[PDB]
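> Okay, here's the structure, questions in a sec.
Readers should treat all values here as calculations from the given coordinates under stated rules, not as data from a laboratory. Here the Cβ is made from the backbone with ideal geometry for all residues, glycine too, and neighbour counts use every protein chain on show.
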Amino acid sequence: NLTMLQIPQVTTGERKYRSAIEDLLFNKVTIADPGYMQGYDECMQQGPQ
Amino acid sequence: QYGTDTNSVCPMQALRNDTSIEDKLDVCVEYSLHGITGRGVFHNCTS
Ligand SMILES: *[C@@H]1O[C@H](CO)[C@@H](O[C@@H]2O[C@H](CO)[C@@H](O[C@@H]3O[C@H](CO[C@H]4O[C@H](CO[C@H]5O[C@H](CO)[C@@H](O)[C@H](O)[C@@H]5O)[C@@H](O)[C@H](O[C@H]5O[C@H](CO)[C@@H](O)[C@H](O)[C@@H]5O[C@H]5O[C@H](CO)[C@@H](O)[C@H](O)[C@@H]5O)[C@@H]4O)[C@@H](O)[C@H](O[C@H]4O[C@H](CO)[C@@H](O)[C@H](O)[C@@H]4O[C@@H]4O[C@H](CO)[C@@H](O)[C@H](O)[C@H]4NC(C)=O)[C@@H]3O)[C@H](O)[C@H]2NC(C)=O)[C@H](O)[C@H]1NC(C)=O
Ligand SMILES: *[C@@H]1O[C@H](CO)[C@@H](O[C@@H]2O[C@H](CO)[C@@H](O)[C@H](O)[C@H]2NC(C)=O)[C@H](O)[C@H]1NC(C)=O
Ligand SMILES: [Zn+2]
């Protein structure tokens, strides 16, 4: 059984880029989003955190 | 003594209300707000 090591296929929508085990691993680590697209505006709309 | 909060002891020569920030929004300006000085740009924000 190699289900968790494979990327789940989706019939309609956007293709996924994470496997089940990768999703489990990434959800256990807290990483801040470094505002690649609109970080400058978001830091003003969100306020000091 | 200088306080990080408002400084309420000022000379009369420094008493002015040139608060024309609405017309100076998109420009680097020198600000002197209740004893706090510096340079920066003011952007309209909601908070
Ligand atoms: C050749 O190679 C090319 C490059 O590899 C490739 O092109 C790429 O294609 C993929 C897949 O098609 C594209 O991915 C998609 O990107 C969308 C846009 O992402 C940006 O914007 C979002 C914010 O959205 C705002 O802006 C977009 C326009 O840009 C606008 O449409 C939207 O309305 C908003 O205004 C932003 O969040 C993205 O950045 C984050 O994610 C990146 C990774 O994707 C990170 O690298 C980045 O650091 C950001 O990370 C942070 O945020 C995420 C999300 O919260 C956190 O996980 C993370 O920890 C961190 O905090 C980026 O700037 C994007 O909207 C779209 O999203 C859908 O798909 C993914 C994967 O399945 C899901 O996770 C999403 O939830 C979402 O799924 C569903 O999608 C459908 C259809 O779109 C929607 O109807 C659903 O609503 C939606 N569901 C939900 C629940 O949201 C996806 O990631 C990629 O952008 C392309 N890259 C380019 C063009 O450069 C190309 O295809 C290849 N060609 C071939 C032939 O193979
Ligand atoms: C192979 O393993 C996957 C998990 O990696 C199993 O899928 C799970 O199946 C149970 C029982 O039906 C469900 O409750 C879970 O939600 C499933 N997890 C998923 C899809 O991530 C799968 O059943 C296994 N295959 C076999 C033939 O036993
Ligand atoms: Zn601005």
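> Please verify whether A:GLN49 is within 14 Å of chain B (Cβ to nearest Cβ) and exposed (fewer than 10 other Cβ atoms within 10 Å of the Cβ), treating the condition exactly as stated.
Yes: the conditions hold for A:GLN49.
Rundown of residues vs (1) without any contact (Cβ under 8 Å) to a residue 40 or more places away in the chain; (2) within 16 Å of ligand 2 (Cβ to nearest atom); (3) more than 14 Å from chain B (Cβ to nearest Cβ), yes/no style:
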| residue | (1), (2), (3) |
| --- | --- |
| A:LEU5 | yes, yes, yes |
| A:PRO8 | yes, yes, yes |
| A:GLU14 | yes, no, yes |
| A:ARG18 | yes, yes, yes |
| A:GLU22 | yes, yes, yes |
| A:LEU25 | yes, yes, yes |
| A:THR30 | yes, no, yes |
| A:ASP41 | yes, no, no |
| A:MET44 | yes, no, no |
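Each row is one residue, and each column tells you yes or no for (1) within 16 Å of ligand 3 (Cβ to nearest atom); (2) on the phi > 0 side of the Ramachandran plot; (3) assigned to a loop (DSSP other than H, G, I, E, B).
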site	(1), (2), (3)
A:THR3	no, no, yes
A:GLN9	no, no, yes
A:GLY13	no, yes, yes
A:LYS16	no, no, yes
A:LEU24	no, no, no
A:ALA32	no, no, yes
A:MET37	no, no, yes
A:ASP41	yes, no, no
A:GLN49	no, no, yes
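> Continuing with this model, one more query. For residues that are loosely packed, with under 10 Cβ neighbours inside 10 Å and within 19 Å of B:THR4 (Cβ to Cβ), scanning just the stretch B:31-47, find the one that is nearest to ligand 3 (Cβ to nearest atom).
Per the criteria, the residue is B:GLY40.
> Can you tell me which of (1) more than 13 Å from ligand 1 (Cβ to nearest atom); (2) on the phi > 0 side of the Ramachandran plot; (3) among the small types (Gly, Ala, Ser); (4) surrounded by 11 or more Cβ atoms within 10 Å (Cβ to Cβ) is the one A:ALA20 doesn't meet?
All conditions pass for A:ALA20, except number (2).
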